[PDB]
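Following: one structure in structure tokens, then a few remarks.
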Amino acid sequence: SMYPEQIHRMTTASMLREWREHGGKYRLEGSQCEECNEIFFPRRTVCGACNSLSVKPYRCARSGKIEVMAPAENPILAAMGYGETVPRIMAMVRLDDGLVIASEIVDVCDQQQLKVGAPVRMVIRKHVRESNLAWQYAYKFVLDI
Amino acid sequence: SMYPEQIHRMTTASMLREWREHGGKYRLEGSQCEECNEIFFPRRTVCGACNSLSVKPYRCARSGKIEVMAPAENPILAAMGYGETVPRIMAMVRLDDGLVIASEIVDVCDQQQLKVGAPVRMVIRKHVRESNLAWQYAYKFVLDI
Amino acid sequence: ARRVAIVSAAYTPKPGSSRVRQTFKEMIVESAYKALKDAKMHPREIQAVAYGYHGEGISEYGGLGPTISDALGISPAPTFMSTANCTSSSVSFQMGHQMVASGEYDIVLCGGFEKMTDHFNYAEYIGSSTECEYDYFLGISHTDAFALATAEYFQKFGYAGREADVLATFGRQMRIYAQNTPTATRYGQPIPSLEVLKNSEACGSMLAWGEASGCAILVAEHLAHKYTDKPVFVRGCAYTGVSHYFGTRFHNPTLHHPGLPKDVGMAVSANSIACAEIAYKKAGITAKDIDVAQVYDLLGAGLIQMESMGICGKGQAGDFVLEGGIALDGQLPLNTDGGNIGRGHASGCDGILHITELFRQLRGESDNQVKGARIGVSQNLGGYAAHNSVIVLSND
Amino acid sequence: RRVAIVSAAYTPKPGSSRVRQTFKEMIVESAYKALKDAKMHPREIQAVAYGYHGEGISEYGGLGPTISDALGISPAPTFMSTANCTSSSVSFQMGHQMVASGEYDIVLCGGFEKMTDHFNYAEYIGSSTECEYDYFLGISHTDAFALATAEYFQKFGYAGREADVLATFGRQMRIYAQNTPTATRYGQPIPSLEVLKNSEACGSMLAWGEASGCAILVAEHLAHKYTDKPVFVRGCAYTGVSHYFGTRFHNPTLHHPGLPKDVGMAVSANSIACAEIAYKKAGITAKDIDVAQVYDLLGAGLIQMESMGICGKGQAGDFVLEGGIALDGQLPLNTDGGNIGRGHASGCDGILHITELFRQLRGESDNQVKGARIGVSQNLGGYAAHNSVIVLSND
Amino acid sequence: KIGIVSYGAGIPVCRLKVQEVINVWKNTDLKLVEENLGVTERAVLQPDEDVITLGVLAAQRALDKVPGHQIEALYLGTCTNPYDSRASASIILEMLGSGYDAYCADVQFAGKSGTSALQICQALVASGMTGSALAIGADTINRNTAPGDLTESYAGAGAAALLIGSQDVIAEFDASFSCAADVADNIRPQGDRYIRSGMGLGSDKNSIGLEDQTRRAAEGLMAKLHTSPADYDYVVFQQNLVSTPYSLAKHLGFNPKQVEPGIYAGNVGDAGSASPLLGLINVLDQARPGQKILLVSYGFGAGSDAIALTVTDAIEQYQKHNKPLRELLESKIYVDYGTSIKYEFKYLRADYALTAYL
Amino acid sequence: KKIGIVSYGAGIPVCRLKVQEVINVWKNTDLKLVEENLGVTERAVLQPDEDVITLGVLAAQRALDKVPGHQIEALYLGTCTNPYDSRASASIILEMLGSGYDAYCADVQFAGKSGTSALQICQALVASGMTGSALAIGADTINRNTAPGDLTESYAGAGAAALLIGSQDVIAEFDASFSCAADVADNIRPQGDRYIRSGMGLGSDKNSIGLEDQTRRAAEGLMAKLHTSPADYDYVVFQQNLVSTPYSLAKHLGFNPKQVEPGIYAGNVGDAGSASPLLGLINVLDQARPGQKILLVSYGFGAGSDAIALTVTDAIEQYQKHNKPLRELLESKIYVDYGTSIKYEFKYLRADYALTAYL
Amino acid sequence: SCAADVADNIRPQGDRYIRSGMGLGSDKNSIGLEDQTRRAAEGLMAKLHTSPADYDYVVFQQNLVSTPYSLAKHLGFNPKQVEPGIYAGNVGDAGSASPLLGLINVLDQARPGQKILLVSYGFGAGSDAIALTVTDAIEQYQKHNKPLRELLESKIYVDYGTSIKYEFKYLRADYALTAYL
Ligand SMILES: Oc1cc(O)cc(O)c1
Ligand SMILES: [Zn+2]
Ligand SMILES: [Zn+2]
């Protein structure tokens, strides 16, 4: 503020972390194996099933349904950058291609419409600010209705 | 700033850490063993030589001589909060009771007087600001002539 | 390939109570020197130590090995560190067992600790031990996984209308065990009614956060006679690891195991089945041999572990708990010291807390004692089953 | 039972950064290259012992299961080791005990450091000491080595030869690294001695980088399937002493007989104790050593050679000045170039030592000690807070 | 024949009734804002929304009409830019994942940034420098409007994206005319968060800025095309309020039938750079082939952009399967004033937060 | 008819601050590194009464003075240190020029490539026939938006450049262009912040992910479009925050040092921001002969890059017959100490609310 | 002691810098510095029934070397009663310590029995007057004591750039990524 005395901070994030993960967070990019066509998310260097080094980027399905959901209403567990919205609706989203993404549901226009198995689609939203002052953007899911 | 959005920080120091260490940092309090009369710094619960739990605090001698010194002039190795004073003179201080403290020398009025074996005294100075916005004070040493 | 026995085990009492007056160095010395006194052994007799904590991000203290050794005054005895969530002590115990069994060290100390009050808000830090880029940095806490895991279990196993009763019954049974255990945090408190517990937070299944350090002394079998009258041996132990990411529970091509159920989900922990099957084969027992057990309890996560441990069939853990089966006269007593709900929970110290109660059980010293117990098993998970540790102990 | 190293590999040029790949990609690179050398399938690994500085760099904690999934070996367990520069040295000793205990037959041991994920990795380094009385006060590891170097030269009457000793030690690392392909300073011209005396840190400053390394440990009876010439582990020792730099001078907590009365930073009491325990466990004395590896930074190499028993107290400077650590010398040191020439990633440093000794015992090193039957790795964490001495022999 | 190929829009779902703002501040008449100005509620920006969030949504919705499109140019028009140095259009380009080799920049001129960027894209395609181009006009006026400001009750946010191309055009680009001057009616200096007025709100402020530049641009384009107000089926103005296009029409010689199709901001408020583009979307959503459209936008510190369009016969096949803007505006969540101030970060909170609630 | 640059003008502050003055105060970097390797011996200082619009209109007016009686059809100001975050600063410069009111006007912003981005837009307006001519301005005050104690403070400067695009009396023809972009937050300044901040520590690692990559991609992309190699171009112009940068990129891209040297100017100016690629082109255009081929590639952080290829026409000889070269303009300089420089650029932490000038 | 509401210098809550209520000059001194100081001194002397001539030493607020002399001339004290207390030629305005630091310098050379009159001024506005007598124990005290003046000889010189840097007067980034970034 008015006294520009540096304050101690152990960890300052370099831009490289999010720079390498632009594909995964902005475009929901996973990985697919060339030998067996098994798909994973998040991206991985080594295939799991056949254990081949040959793995290539894969665009996960941006549509899906809610496998399981649980509201986050406890203020003790509110994280910095996410305490403004109460409650956050956490949910596991079974995409159209079978993969499951751990994210949250936003813009709930109708409370009655939201239930288990309801169709949702991926959207890009703002997340907690980086330690290097850069805005962090990543995926969230809204009801596709 | 003008946009009060929470910024991510993995670690936020509790005030407890510095609270328990006021004796060590403000008053240079180490530990003395009752049974075998051996002294250490920093403070410890178990005596090293005799392995007795009967240990009590001990006020180390706040005077001593410079055992070995090395200037820190490298800007790549400058730490946050300590980058304003260049160069910082790091020193190992052999207290008058025989213990050795790792600190730095400040207020160098005469450069010729700063050499190995010079007598110094402990002083209280400001250190890096705490993660909890509280100012941090701890010991340093100046030439005692 | 020699045998290893536990001569002593102890931990700071009331682990669900915070110890804001002592540093973590003071806390660690307390549990170790109390355990050494129980084993009639000098602290210099320890040749190495295997200790564990969540990570350098809590107390801002890294490379803790040598600081632990100096804190205990065993220098130059080495200290081996393990940073593995709630299984930090379970992995430190397994590390110590491998150190004695290898013959490189004769007497080892294995422990864990968590001094959470050194962090302003320790609950936010916890998420730093996952797939942080895709969960921690997105606002996904560890408590979220257990909340979703509890939801999927009740929803796919036909427990609709009974969700509040099952959670309250498990939570109430933990209070009953912890009321008479002096080291438990909820010790001496009155037992809330079942209807009161259903209206409480998390339907009475919320754990008690706190701080504690624990440890156990492992020694070579031939040396065990000097230090203890009744030693507890290690039949077998297994440790397994899968992706921290919560989504991979439903889709885990990396994990390779046979006989795993096709419908793997958060309700059916695939990694927990694998770890149990490896440990049981290695320990030479089936699930039907367990006389008393210890699992990680938080919301409905205890139910998921009982089914993965083989105590009851898939989807039957809820009905098992409702039938008073984990009671002292029940078919299998579960968390006889009170568990994380009653005894308390410090993530770093959780593994030792499990061994200690199992250790006391096999020596007939537990406050709620299983009559004629011969086999004790500790089920522990780190993150949401990213880590999983199953340890088997027998008294003879 | 006996354990043998069938293969060891690490990402090339560890002193140079790899900003394009994540730390997962970096760990897989060294791991799967090491598996190809040992003719073994990745699913054959039963457990892993890996090491990194701490969760503060990449903000990734509880890394074990992430490593197992990254390698694609789940449900195989990964045991984590967070012990400064000796993270790989400690993790290798962890794998040795897993195989020797018989609980695991095949174990992968390594370390890594992805320093570029932290904005300023250097100011984070101090997070692994007595943080309340040095990290929070502005005292870094680099301060300790500078003081230790100053006490050594001043206590042992090296006045006037300090720049020469450090430059002679530094230039020997440059010469070794020039013909080592994986070294960072590979292929560079050799600067003159006088140029190095006027350069930064008198030419003894190491090369900061990032790398992942690993070595495969297997039980003795299984070793013949994977390699023709395995390297065995004679003995290893690990010792713990107070992180605080002042305790080197006065440490009644350290109980070890026969220590010199003038213990300080110039005479490492912990490094002597660790060396003696390892030498006894391996059944060899200092005269048996054919080639060694030290943690080289400023004059810390000089202190380590004396604590290792290679030369008397105060002789290392004169030993290095007389060209003793050269290839033709009495005892070659850091034949791959060391931290000055090969580079160094703090978590990965222990494997970087073992790999060169592993290569040297098989006659495969680019600066080859002829007929080397034993190799010794000296590694320290903090300023001798950790100390790790591992002895490897080919017979 | 170069013009708009497809379009997409992005609107925040949270709504704040105008009465809520009046009851707290009591700084203006409710009858005036609801009836005269024509705004009964405004859009509330959530904590996880900004220019890029709404902008990439509108851009993604426009590109979804053209599957597999390769982006050759992307210009973000905004005056409430999340970055004062470095272009946010680069981030939106990254999120679309349609290619890296593209003309990219941030265009800024208050409410005409959206149209000014539309003129950029048009020039690129017409000059053959690219084959297609993407224009985005987005603004978070609600984020950059101070609490207690007279215009707080009708400050909103929105994003509109239009793809310019030569293949399958739904609305041709006939000609355009633009003007500018130094009229400090509204200014936000560097570092200021809130947009500020240069003089008191009223008809005097509108005559020198809003009405002056709009008339000059509209006349300039019509004189170039030898057209009068009667030749255009629709007219689209800057729409900070519902009253602004109607008031500008009466001043310019347009009839109310020509304005009403473009009116959308009854429940959104001032959408900033998107208001002339969102109004064009509401017009294109029900237009028949052949109809002529005149769009004139106004940006303060003033200048104006005039653009004339012709709806092609391909508009029929476009509307068969598409969601109209009026339907998008149906989805809304209501919040009180206390919540709206929390979501938009307008509480004076501590510079350094130890925890989220401490 | 050929469309290209008709005239140009530049505006540069007269105040200079020797680099050594900054190092002595902060001691945050090696003096030999900046003076010899980086190549900046002194940097430009912003007076209290000048900014982007001051330098811009000065550069804009100087180019319009070569074309008497000109009427402005379009004016685009490219800058990342914009005096206004809302409303266009270009509209102010339009009013100051007094050469017309009816013009396409906006502010273009993309870090260091805002100048060329505005140049590309003006080209598209003229080539598409939407206007008959167009005026592009690249300006920046990096020194104003660089914090004291920043590593890059010693070579942070300011400058403005303006180019007139037209179809009559063209001195430099516009052949083709190529642009790319990506989300590489190597340097960023969020809204509300005054100072440009770095995304990672300075070094060759930070260069490889942003400066080197985007310049290489844009350059090779353009040269493949025209089917030319580095040897076809007589001059090459890169981003010139430092004198070392155009040389380093050439070595990386395969241009010999002789193709770079004509564009060097910033030895006594420092980082000129969005004007550095255009100022380099101006120093090239001052000495070029007819027929010479110029390849210009710019860099803006948060990264994107713009590649533009030019040919010098026969009209260049008539143009420079009566023209002040940029090198001559760079001789006029006033020197200040560090104390005055901090006072001039408003970097002292002074009272929020000032009762008088000195109270 | 005396006080009043004279806002000649003020620092509102949250302000870092001390601000003046009016332009510097002799007029500003008369309403605050001169008024309150005269009021407190005259009030004290009337209580003690003493005149300026009875005191060996006088100690005023010492924001400047000139302030005690001008106040003394105003209140009727000859220069020799002031000069022993002066120290701030190379220190500047020492704030709340200026009346106390002036007394210390007086006590360093004082003899037993000597009378000291100390009158301090704090803006906003108020004045504290205290009268002292030196005891016989001062002789023993001064036998082993480092005088203030000897301590004031130790100094390290800096330029304006460093001084502004040392005192955090540069407008730096609110959030600093590293020490120099
Ligand atoms: O690592 C942890 C996870 C969790 O769910 C709870 C806890 O206390 C620690
Ligand atoms: Zn595969
Ligand atoms: Zn003792």
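A note on labels: chains of the structure tokens are A, B, ... as shown, every chain counts residues from 1, and ligands are counted from 1 in their shown order.
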- Item | DSSP strand (DSSP E) residues within stretch 142-368 of chain D, listed as a list in words |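 So the strand (DSSP E) residues in stretch 142-368 of chain D would be residues 211, 212, 213, 214, 215, 216, 217, 218, 219, 231, 232, 233, 234, 235, 236, 237, 238, 239, 240, 291, 292 and 293 of chain D.
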- Got a sec to pull out which chain G residues are within 9 Å of chain A, counting only C-alpha atoms, and send them as a PyMOL selection string? chain G and resi 15-16+168-179
Neighbours of residue C:109 within 7 Å (only C-alpha atoms; same-chain residues fewer than 6 positions away dropped), as a tab-separated table (two decimals) with N, CA and C atoms, in the first residue's frame?
```tsv
chain	number	residue	atom	x	y	z
C	46	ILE	N	17.87	-45.83	19.48
C	46	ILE	CA	17.29	-45.70	18.15
C	46	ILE	C	18.40	-45.45	17.14
C	48	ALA	N	17.64	-45.10	13.67
C	48	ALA	CA	17.10	-44.29	12.58
C	48	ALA	C	15.62	-44.04	12.87
C	49	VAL	N	15.04	-43.11	12.12
C	49	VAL	CA	13.66	-42.68	12.34
C	49	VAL	C	12.97	-42.49	10.99
C	50	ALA	N	11.70	-42.90	10.91
C	50	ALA	CA	10.87	-42.68	9.73
C	50	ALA	C	9.64	-41.89	10.17
C	215	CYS	N	4.11	-42.05	17.59
C	215	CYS	CA	5.23	-42.85	17.12
C	215	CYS	C	5.10	-44.27	17.65
C	216	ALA	N	5.79	-45.18	16.98
C	216	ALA	CA	5.90	-46.56	17.42
C	216	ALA	C	7.34	-47.01	17.24
C	217	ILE	N	7.80	-47.86	18.15
C	217	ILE	CA	9.17	-48.36	18.14
C	217	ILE	C	9.17	-49.75	17.52
C	218	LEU	N	9.87	-49.91	16.40
C	218	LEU	CA	10.05	-51.20	15.76
C	218	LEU	C	11.45	-51.72	16.05
```
- Item | Polymer residues at most 9 Å from residue D:190, only C-alpha atoms, same-chain spacing of 4 or more positions, as a ChimeraX atom specification | /D:171,174-175,178
- Any idea which chain E residues end up within 8 Å of chain F if we count only C-alpha atoms, as an MDAnalysis selection string please? chainID E and resid 79:87 90:91 93:94 100:110 113 116 120 123:124 126:129 176:182 186:193 195 299:303
- Could you give me, as a ChimeraX atom specification, every polymer residue with an atom at most 7 Å away from an atom of ligand 3, counting only C-alpha atoms and all ligand atoms? /B:33-38,47-52
- Task: For chain A, work out the contacting residues on chain E at 10 Å, counting only C-alpha atoms, and write them as an NGL selection string.
- Result: :E and (12-14 or 46-50 or 52-54 or 56-57 or 60 or 82-83 or 91-92 or 94-97 or 330-334 or 339 or 342-345 or 351-358)
- Any idea which chain C residues end up within 6 Å of chain D if we count only C-alpha atoms, as a ChimeraX atom specification please? /C:1,61-63,66-67,69-70,73,75-78,81-85,98-99,101-102,128-129,239-243,254-255,386
- Mind checking DSSP for stretch 270-315 of chain C and telling me the alpha helix (DSSP H) residues as a ChimeraX atom specification? /C:270-283,301-308
- Task: Kindly indicate which residue among B:115, B:121, B:129, B:100 lies nearest to chain D, using only C-alpha atoms for the distances.
- Result: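 Using only C-alpha atoms, the shortest distance to chain D belongs to B:100.
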- Message: If we count only C-alpha atoms and set the cut-off at 9 Å, which residues sit around stretch 294-296 of chain E, ignoring sequence neighbours fewer than 3 positions away in its own chain? Please answer as a PyMOL selection string.
- Response: chain E and resi 112+115+214-215+217-218+229+232-238+276-277+279-280+304-310
- Could you give me, as a PyMOL selection string, the residues within 12 Å of residue D:187, counting only C-alpha atoms and dropping anything in the same chain fewer than 4 positions from it? chain D and resi 13+174-183+337+341-342
Given the selection you just returned, output its residues as a file containing N, CA, C and O atoms, formatted as a tab-separated table (two decimals), in the first residue's frame.
```tsv
chain	number	residue	atom	x	y	z
D	13	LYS	N	22.01	-32.40	-19.83
D	13	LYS	CA	22.31	-31.03	-19.44
D	13	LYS	C	21.46	-30.60	-18.25
D	13	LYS	O	20.58	-29.74	-18.39
D	174	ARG	N	35.44	-27.80	-15.51
D	174	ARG	CA	35.20	-27.43	-16.91
D	174	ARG	C	35.88	-28.42	-17.85
D	174	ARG	O	35.31	-28.80	-18.88
D	175	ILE	N	37.11	-28.84	-17.52
D	175	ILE	CA	37.83	-29.77	-18.38
D	175	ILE	C	37.13	-31.12	-18.41
D	175	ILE	O	37.00	-31.74	-19.48
D	176	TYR	N	36.66	-31.60	-17.26
D	176	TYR	CA	35.93	-32.86	-17.22
D	176	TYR	C	34.64	-32.79	-18.02
D	176	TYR	O	34.26	-33.75	-18.70
D	177	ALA	N	33.94	-31.66	-17.94
D	177	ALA	CA	32.62	-31.57	-18.57
D	177	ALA	C	32.70	-31.44	-20.08
D	177	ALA	O	31.71	-31.73	-20.76
D	178	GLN	N	33.84	-31.02	-20.63
D	178	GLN	CA	33.90	-30.72	-22.06
D	178	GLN	C	33.68	-31.96	-22.91
D	178	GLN	O	33.07	-31.89	-23.98
D	179	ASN	N	34.18	-33.12	-22.46
D	179	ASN	CA	34.02	-34.35	-23.21
D	179	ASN	C	32.89	-35.23	-22.69
D	179	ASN	O	32.69	-36.34	-23.20
D	180	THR	N	32.14	-34.77	-21.68
D	180	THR	CA	30.98	-35.51	-21.19
D	180	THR	C	29.74	-35.04	-21.94
D	180	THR	O	29.32	-33.89	-21.75
D	181	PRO	N	29.12	-35.88	-22.77
D	181	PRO	CA	28.04	-35.38	-23.64
D	181	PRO	C	26.84	-34.84	-22.89
D	181	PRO	O	26.25	-33.83	-23.32
D	182	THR	N	26.44	-35.47	-21.79
D	182	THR	CA	25.27	-35.03	-21.04
D	182	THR	C	25.53	-33.80	-20.18
D	182	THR	O	24.58	-33.26	-19.60
D	183	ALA	N	26.78	-33.34	-20.09
D	183	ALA	CA	27.08	-32.18	-19.27
D	183	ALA	C	26.54	-30.90	-19.91
D	183	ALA	O	26.42	-30.80	-21.13
D	337	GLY	N	32.15	-33.60	-14.61
D	337	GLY	CA	32.13	-32.15	-14.56
D	337	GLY	C	31.57	-31.59	-13.27
D	337	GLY	O	31.78	-30.40	-12.98
D	341	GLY	N	30.19	-28.18	-13.96
D	341	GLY	CA	30.22	-28.49	-15.37
D	341	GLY	C	29.02	-29.27	-15.87
D	341	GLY	O	28.44	-28.93	-16.90
D	342	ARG	N	28.66	-30.34	-15.15
D	342	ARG	CA	27.48	-31.11	-15.53
D	342	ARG	C	26.20	-30.33	-15.27
D	342	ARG	O	25.26	-30.38	-16.07
```
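Picture a line from atom CA of residue D:134 to atom CA of residue C:64; it runs 14.7 Å.
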